[PDB]
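Some notes on the structure that comes next.
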Amino acid sequence: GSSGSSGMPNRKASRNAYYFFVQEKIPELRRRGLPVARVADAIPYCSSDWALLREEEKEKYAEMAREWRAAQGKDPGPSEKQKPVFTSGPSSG
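First residue of the sequence shown? That's 5 in our numbering, and the numbers climb one at a time after it.
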(Lines of atoms letter the chains of each structure in order from A and count residues from 1; the text may use other names and numbers.)
(Lines give C-alpha, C1' and ligand atoms only; values in the text may rest on other atoms or scores of the structure.)
Protein backbone atom coordinates (compact mmCIF):
# COMPACT_ATOMS: atom_id res chain seq x y z
CA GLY A 1 0.00 0.00 0.00
CA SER A 2 1.06 3.57 0.73
CA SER A 3 4.51 2.90 2.18
CA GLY A 4 8.03 3.68 1.01
CA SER A 5 10.85 1.15 0.74
CA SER A 6 12.89 -0.02 3.73
CA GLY A 7 14.98 -2.92 4.99
CA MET A 8 18.40 -4.06 3.78
CA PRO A 9 20.07 -7.49 3.59
CA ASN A 10 22.72 -7.89 6.30
CA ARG A 11 23.62 -10.99 8.29
CA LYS A 12 24.53 -9.60 11.71
CA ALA A 13 26.13 -11.85 14.33
CA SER A 14 24.47 -10.12 17.28
CA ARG A 15 20.73 -10.61 17.80
CA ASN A 16 19.02 -7.42 16.65
CA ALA A 17 15.37 -6.36 16.55
CA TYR A 18 15.15 -8.20 13.23
CA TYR A 19 16.72 -11.33 14.74
CA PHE A 20 14.30 -11.30 17.67
CA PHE A 21 11.32 -10.95 15.33
CA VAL A 22 12.46 -13.95 13.28
CA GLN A 23 13.19 -16.03 16.37
CA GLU A 24 9.54 -15.73 17.39
CA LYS A 25 8.64 -16.78 13.84
CA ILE A 26 10.92 -19.80 13.45
CA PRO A 27 8.35 -22.18 14.99
CA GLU A 28 5.55 -20.21 13.32
CA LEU A 29 6.81 -20.97 9.82
CA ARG A 30 7.65 -24.59 10.60
CA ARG A 31 3.95 -25.27 11.13
CA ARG A 32 2.97 -23.34 8.01
CA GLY A 33 4.98 -25.80 5.94
CA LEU A 34 8.34 -24.19 5.22
CA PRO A 35 11.92 -25.49 5.64
CA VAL A 36 13.02 -23.43 8.65
CA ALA A 37 15.46 -24.95 11.14
CA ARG A 38 16.96 -21.76 12.56
CA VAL A 39 16.77 -17.98 12.26
CA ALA A 40 19.20 -17.86 9.34
CA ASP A 41 16.60 -19.95 7.53
CA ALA A 42 13.59 -17.92 8.65
CA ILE A 43 15.53 -14.77 7.74
CA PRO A 44 14.23 -14.40 4.16
CA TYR A 45 10.88 -16.05 4.88
CA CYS A 46 10.37 -13.13 7.26
CA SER A 47 11.86 -10.31 5.17
CA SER A 48 8.54 -9.01 3.84
CA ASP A 49 6.75 -9.43 7.17
CA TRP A 50 9.36 -7.39 9.01
CA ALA A 51 8.95 -4.51 6.56
CA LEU A 52 5.26 -4.45 7.51
CA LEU A 53 6.11 -3.63 11.13
CA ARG A 54 5.95 0.01 12.22
CA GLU A 55 8.81 2.18 13.48
CA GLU A 56 7.40 1.74 16.99
CA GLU A 57 7.57 -2.05 16.67
CA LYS A 58 11.05 -2.10 15.14
CA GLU A 59 12.30 0.09 18.00
CA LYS A 60 10.62 -2.18 20.54
CA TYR A 61 12.39 -5.30 19.27
CA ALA A 62 15.65 -3.38 18.94
CA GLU A 63 15.33 -2.04 22.49
CA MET A 64 14.48 -5.33 24.18
CA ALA A 65 17.20 -7.02 22.13
CA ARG A 66 19.91 -4.48 22.93
CA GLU A 67 19.10 -4.48 26.65
CA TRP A 68 18.94 -8.27 26.57
CA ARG A 69 22.46 -8.63 25.18
CA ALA A 70 23.81 -5.93 27.49
CA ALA A 71 22.33 -7.53 30.60
CA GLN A 72 23.37 -10.99 29.39
CA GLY A 73 26.87 -9.76 28.65
CA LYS A 74 27.89 -7.43 31.47
CA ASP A 75 27.01 -10.32 33.78
CA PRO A 76 26.64 -14.09 33.24
CA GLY A 77 23.50 -14.03 35.36
CA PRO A 78 19.96 -12.84 34.55
CA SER A 79 18.94 -9.19 34.76
CA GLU A 80 15.58 -7.62 33.91
CA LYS A 81 14.37 -4.07 34.55
CA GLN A 82 12.43 -1.17 33.02
CA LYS A 83 10.98 2.24 33.87
CA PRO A 84 7.30 3.24 33.46
CA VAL A 85 7.44 5.53 30.43
CA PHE A 86 4.72 6.36 27.91
CA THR A 87 4.70 9.09 25.26
CA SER A 88 3.37 9.51 21.72
CA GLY A 89 3.03 12.31 19.19
CA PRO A 90 5.35 15.14 18.09
CA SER A 91 6.14 18.01 20.45
CA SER A 92 7.74 20.44 18.01
CA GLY A 93 6.52 23.80 16.73
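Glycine is no exception: its CB is placed at the ideal position from the N, C-alpha and C atoms.
query = What separation, rounded to the nearest whole angstrom, lies between the Cα atoms of residue 33 and residue 63?
reply = If you number the sequence shown from 1, residue 33 lands on position 29. If you number the sequence shown from 1, residue 63 lands on position 59. Going by the C-alpha atoms only, they are around 23 Å apart.
inquiry  = Suppose only complete runs of 4+ residues qualify. What are the alpha helix (DSSP H) ranges in the region 22-51, listed by chain order?
reply    = 30-36 and 43-46
query = From the beta carbon of residue 69, is the nearest beta carbon of chain B less than 8 Å away?
reply = Of the protein chains in the structure, only one exists, and it is not chain B.
Member of 90, 91 and 72 whose CA lies at the smallest distance from the CA of residue 82 = The residue you call residue 82 lines up with position 78 of the sequence shown. Nearest C-alpha to residue 82: 72.
Beta carbon of residue 55 nearer than 8 Å to that of residue 26 = Translated into positions along the sequence shown, residue 55 becomes position 51. Translated into positions along the sequence shown, residue 26 becomes position 22. It is not a contact, given that the beta carbons lie outside the stated cut-off.
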